[PDB]
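Colleague: turn this into a structure:
(chains A, B, C, D and E, ligands or ions: 15)
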Amino acid sequence: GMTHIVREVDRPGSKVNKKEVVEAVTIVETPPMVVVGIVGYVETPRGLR
Amino acid sequence: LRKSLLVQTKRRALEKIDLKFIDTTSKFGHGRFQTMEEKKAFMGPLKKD
Amino acid sequence: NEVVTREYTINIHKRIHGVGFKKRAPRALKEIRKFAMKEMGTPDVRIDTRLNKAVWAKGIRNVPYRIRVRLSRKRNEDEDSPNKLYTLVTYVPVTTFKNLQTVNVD
RNA sequence: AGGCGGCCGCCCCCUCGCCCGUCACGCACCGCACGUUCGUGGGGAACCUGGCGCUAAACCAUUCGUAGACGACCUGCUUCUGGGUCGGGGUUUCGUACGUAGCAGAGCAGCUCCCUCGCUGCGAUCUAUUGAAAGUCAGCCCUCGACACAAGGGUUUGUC
RNA sequence: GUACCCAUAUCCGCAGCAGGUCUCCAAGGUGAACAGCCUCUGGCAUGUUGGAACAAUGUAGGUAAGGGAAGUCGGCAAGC
Ligand SMILES: [Mg+2]
Ligand SMILES: [Mg+2]
Ligand SMILES: [Mg+2]
Ligand SMILES: [Mg+2]
Ligand SMILES: [Mg+2]
Ligand SMILES: [Mg+2]
Ligand SMILES: [Mg+2]
Ligand SMILES: [Mg+2]
Ligand SMILES: [Mg+2]
Ligand SMILES: [Mg+2]
Ligand SMILES: [Mg+2]
Ligand SMILES: [Mg+2]
Ligand SMILES: [Mg+2]
Ligand SMILES: [Mg+2]
Ligand SMILES: [Mg+2]
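Modeller: Numbering: from 1, shown residues only, chains lettered A, B, ... in the order given. Ligands and ions are numbered 1, 2, ... in the order given. Provided below are the atomic coordinates:
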């Protein structure tokens, strides 16, 4: 889904600076990745094999 | 989620951010409240009790 | 091979969505036939005139949202079909709809 | 873009595994070509025999929506942490349901314990029950509360 | 002469063709009205087909924050 963030901006030389900024921000659920396989590649004169 | 294949500063990457408020209003419609305790404390008792 | 009878609360308002006004009420009948064929298992479904009145009591586009039905499965005789069993769906009226669920009826 | 070659310990034989010399034979098919080859040349269906092993997967159907003109794509299906249908809540949309009662209510009509707001009936609305009632996934979330469902079929697919 | 149709199916138009063809009878409510809408007597199965989904494009209908004709030959269409 998507939410807001009220964010302090530490970027000097702007009207944005030292003020709160509301932004359109997405959320991505990421479960941990279970390692299964190993693949090797050989440099060929047509690419990778 | 792929790592960036080049390194850039640009005064847009590698800045310490400060999160202040992340809203959790009702996205199924127009959101009116933040938390369930705040919603119950604002609306008071109903026929559910 | 059973002769069982169960009541149900079909929700036609959430089984029909995005259907036009001149065809909203006839789709409810095919949906009741599909629900009876899915639950009881036989293809042969016969609904009654009381259920016909209960569906068509408010026109073609103001279909009532929830209908309490009773499904009885019986056998067929006197040069019967290849489907020996058939679901006779009948209508039973009820004032309220809350806290009602599937009830086996003797 | 790999399968033949080199080394060592043994194996059943061969000191003619080749050139120089002697000897006698094997079809000498009597003038005739397409002959000798890397060939135990490549692929397909079967036939009889030994040893070592294998015991599936797609497509339809049904469901699904993150997908669709139709095809196509991503999905679910175990008898126990499976799914579906009801119900329960969470969220939301509209705005306070029917009924009840009122010494609230523009007023009007009727009766007499002639009644110091006397009583009754009609009467737009209002008040309390009332942030009430109603819908809420079919493309929202959780449910181990209740019901049945679950290996149930049709078609096809092998490498000397 | 006396049946029957007198018609979006008995007539004409090559046809069970959104075309054309002369008349009488006329209810209740709202409403000035034989206007428009909903009912009653009386007829009908939606007009030579049904089922599933709601893609592009189209045909008819309705909207859209701010500007109000700046588009277009022209306020064409639509709307007040
Ligand atoms: Mg009402
Ligand atoms: Mg006559
Ligand atoms: Mg005609
Ligand atoms: Mg005509
Ligand atoms: Mg009149
Ligand atoms: Mg009048
Ligand atoms: Mg007249
Ligand atoms: Mg016709
Ligand atoms: Mg506008
Ligand atoms: Mg506007
Ligand atoms: Mg103007
Ligand atoms: Mg001008
Ligand atoms: Mg001009
Ligand atoms: Mg005009
Ligand atoms: Mg307007």
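
Colleague: residue numbers of chain A in contact with RNA strand D?
Modeller: A:42, A:44-46, A:49 (CB under 7 Å from any atom of the strand). (C-beta placed from N, C-alpha, C; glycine too.)

Colleague: revised request: answer the last question for chain C.
Modeller: C:6, C:8-11, C:13-15, C:17, C:39, C:41, C:65-66, C:97-104.

Colleague: how about the strands in chain A?
Modeller: A:2-8, A:20-26, A:43-44, A:47-48 (DSSP state E).

Colleague: in contact with the spatially most central residue of chain B, which residues are there?
Modeller: Closest residue to the average C-alpha location of chain B: residue B:22 at 2.5 Å, with CA atoms, centre = their mean. By CB atoms under 8 Å, 6 or more residues apart in numbering or on different chains, residue B:22 lies in contact with A:3-6.

Colleague: could I get the contacting residues of the residue minimising distance to the centre of chain C?
Modeller: Closest to where the C-alpha atoms of chain C average out (CA atoms, centre = their mean) is residue C:32, at 4.3 Å. Residue C:32 is in contact with C:10, C:12, C:45, C:47, C:51, C:55, C:69, C:89, counting by CB under 8 Å, 6+ apart.

Colleague: the first one belongs to a helix?
Modeller: The one in question is residue C:10. No. Per DSSP: H, G, I helix; E, B strand; the rest coil, residue C:10 lies outside any helix segment and is strand.

Colleague: okay, now it: neighbour count?
Modeller: 19 (other CB atoms under 10 Å in any protein chain shown).

Colleague: quick one: list the elements packing against the strand or helix carrying residue C:7.
Modeller: Assigned by DSSP states H and E, residue C:7 belongs to strand C:5-11. In terms of contacts (3 or more CB pairs under 8 Å, 6 or more residues apart in numbering or on different chains; DSSP states H and E), strand C:5-11 is packed against helix C:24-39, strand C:66-75.
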